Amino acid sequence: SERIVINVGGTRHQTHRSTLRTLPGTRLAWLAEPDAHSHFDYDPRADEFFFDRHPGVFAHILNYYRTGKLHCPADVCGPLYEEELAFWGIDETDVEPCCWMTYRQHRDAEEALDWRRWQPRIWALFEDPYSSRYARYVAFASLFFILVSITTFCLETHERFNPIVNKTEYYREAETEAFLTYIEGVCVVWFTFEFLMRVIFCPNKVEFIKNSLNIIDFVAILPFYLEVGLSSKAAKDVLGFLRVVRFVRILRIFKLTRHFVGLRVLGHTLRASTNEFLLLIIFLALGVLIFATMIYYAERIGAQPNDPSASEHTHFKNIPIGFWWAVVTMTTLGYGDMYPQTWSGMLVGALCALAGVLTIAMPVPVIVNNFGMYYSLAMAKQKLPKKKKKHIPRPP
């Protein structure tokens, strides 16, 4: 009586019907019921129910039945154990929190990593470079032209290319060389050609507009074409903000680097580590505030009485200056523009440096481990072939 032998994949597990009867509604519970001969596959010769499943984890499932706490067997990948407990009817939200973060690890990484006749050829200039030959050619050319645009920008901000002429009308200002403007015009011509080509075919235009890359491209090409458009009074304000917009022209490099792997992995890491980033920012804000206040008060202890101002010989004339020093000191950067100059200030400074090392090394390893797991997974999915589907599943 009350002695039932479960045969899982050729391994016999024996236990009392009561242990099965503990957790109701599950398949093993239904085994415990007297109406079990018809319900499940069973042979009267050996009085054992036979299940064609992995036994090595059914050990742990039956253990959960026995003691009452479900654990993750640390010798199997999380998804395998997940699929087994899914078969057995066990809810996967019962595992102990001590063994949940390692269980839900592979699956976590997996989820985090996740006219008309010539239209295919039109769109083939925006598809992946390796997906064709025209695609790779257009990609190389757009790369060259983005780099030329960026170099034109960086050299336009230079002094050697911005001499000031003795021109009065009586204001004299630096002017840019004509060659820079001409190269900029050429690059604008090329980008406008590419943008019109992409606009030709825009399926699901809502998601096309939601695409940040196209937004950045259009915003980057917007200021130049405003040369013809430029009331002169509003025009000066819009030119003033137009320089600041032209600042975005360096963001066109992400269009090129999007096809890199490490950058997609970095995007997934960032989007998947919001909590740790907020944690790091909170830690840094508390540290900066506290240590700025402490150093501002410490450096006044040795202040000379003669001076009318509270602090004359110290860089820490107020607290916000303390914020700047505290960041520079906690990140172990240490420019040396401002540093403590009193024994009390030096004590506070050493404390700030150590606390900075600690509260920077708290969340950063979490973020780094996330990136490491996602990068390893992406490199795996890259090295392995796409799909072959060698397994031919049996009919139900």
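The first residue of the shown sequence is 1; numbering continues from there. The term rigid core refers to the most C-alpha atoms you can superpose between the two forms while keeping them within 1.5 Å.
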More variable segment, 116 to 124 or 320 to 328 [Cα RMS over structures in 4 other deposited structures of this protein, core-superposed]: 116 to 124
Higher-deviation segment by CA RMS in 4 other deposited structures of this protein, core fitted, 132 to 140 or 153 to 161: 132 to 140
Unmodelled in at least a third of other entries of this protein, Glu169: yes
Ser231 dropped in a third or more of the other entries: yes
Residues with no coordinates between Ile321 and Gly322, taken from the deposited sequence as a class: none
Length class of the unmodelled deposited segment, which would lie between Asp114 and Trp115: 10 or more
